[PDB]
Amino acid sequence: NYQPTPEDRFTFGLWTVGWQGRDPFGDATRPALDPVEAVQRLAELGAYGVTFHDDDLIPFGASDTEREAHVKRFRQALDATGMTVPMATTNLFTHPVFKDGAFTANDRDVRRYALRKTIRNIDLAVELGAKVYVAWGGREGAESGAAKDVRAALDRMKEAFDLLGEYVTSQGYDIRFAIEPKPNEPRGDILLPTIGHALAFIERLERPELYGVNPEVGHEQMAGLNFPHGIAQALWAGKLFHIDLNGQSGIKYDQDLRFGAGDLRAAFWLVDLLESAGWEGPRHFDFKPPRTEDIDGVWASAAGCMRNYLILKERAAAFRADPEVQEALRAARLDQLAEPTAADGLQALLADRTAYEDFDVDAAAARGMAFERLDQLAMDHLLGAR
């Protein structure tokens, strides 16, 4: 079978299984979930750990005594269960004060507050043992063209991130940052809308080695992009610091379906890529059990994220191990794609008549790529029909 165990490193955001089902047209359909109950039940399902926004753990506005009491109760639940906390983030989107952004709010007083709120939670993240601190700039953006000077907003975003890197560096903390792109919602357009924009922005920070990306399946798909391809570019760059796994059925609002729902073939190729690459990060789910579900449907959904990952892993492993698939991969020249084009160097290339005057373009054009048969073997393996 497909039973998850903590060795699989599956993690969940507290706000996932804790989502009360309030949407923009509907009230809450489930009662608030105690974080301690979340830790306990996810451990029972075979999870490895949980993640949190500051405000999922400590009530906004808590005195120091309440903050300590909440953190202490949470840590007792982690310690009883053996659950970890690999990742933390700040809620810089719920409160009305962030309605124009946090790090890129036009009001400087809000930007300063946003940094202080984040810094206090970095300290908490280190205390809990989190190794990655995620930033999701969901209010960073605009609905109209004059409301945000995007060059100046990138200056402010770079300034915020540099100050956070200086903080971590001055404290000696072992924590790294992961930026989560999203193209829109809740703003009309969000800054750093894709894996690409976020990776490019990182290269202009003071201490770029401290920053990577936290890509979410559904966010890339909201722009109609190929999520496995984006993940491959993050991997190629050495910047895949964390991931959010879920599902999305098209270009529309952010659905956060359980992983495996949505674009099932994309989920298979994503699992094939993470496993083939030997990526060792947490398999973290950022999903919302639909508001139609009661608390039992919540745990079914959570269990289903893990189950789908493990089925897909089994199928992708069987695909790569199949000598008929490996022969189809060679027939499609995947092996040549991994060979240098010109290890002989530019001068040898420029001298080589087989690369130009003697290159038979018509014979080369006649060769089929044999991609359809290869894709059908992949479909057979995914469906268990080999």
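Numbering starts at 1 and runs along the sequence shown.
- Checked against the record, the higher mean CA B factor of 162 to 170 and 308 to 316 lies with 162 to 170.
- For the pair 20 to 28 and 364 to 372, the mean Cα B-factor is higher in 20 to 28.
- Per the PDB entry, 146 shows the highest C-alpha temperature factor of the residues 87, 146, 119, 245.
- Out of 249, 214, 194, 184, the entry records its largest CA B-factor for 249.
- Annotation for residue 238: CA B-factor lies in the middle third of the chain's modelled residues.
- Ranked by C-alpha B-factor against the other modelled residues of its chain, residue 272 falls in the lowest third.
- For residue 81, the recorded CA temperature factor ranks within the highest third of the chain's modelled residues.
- Residue 382: CA B factor in the lowest third of modelled residues in this chain (values from the PDB entry).
- In this PDB entry, the Cα temperature factor of residue 353 sits in the top third of its chain's modelled residues, the highest group.
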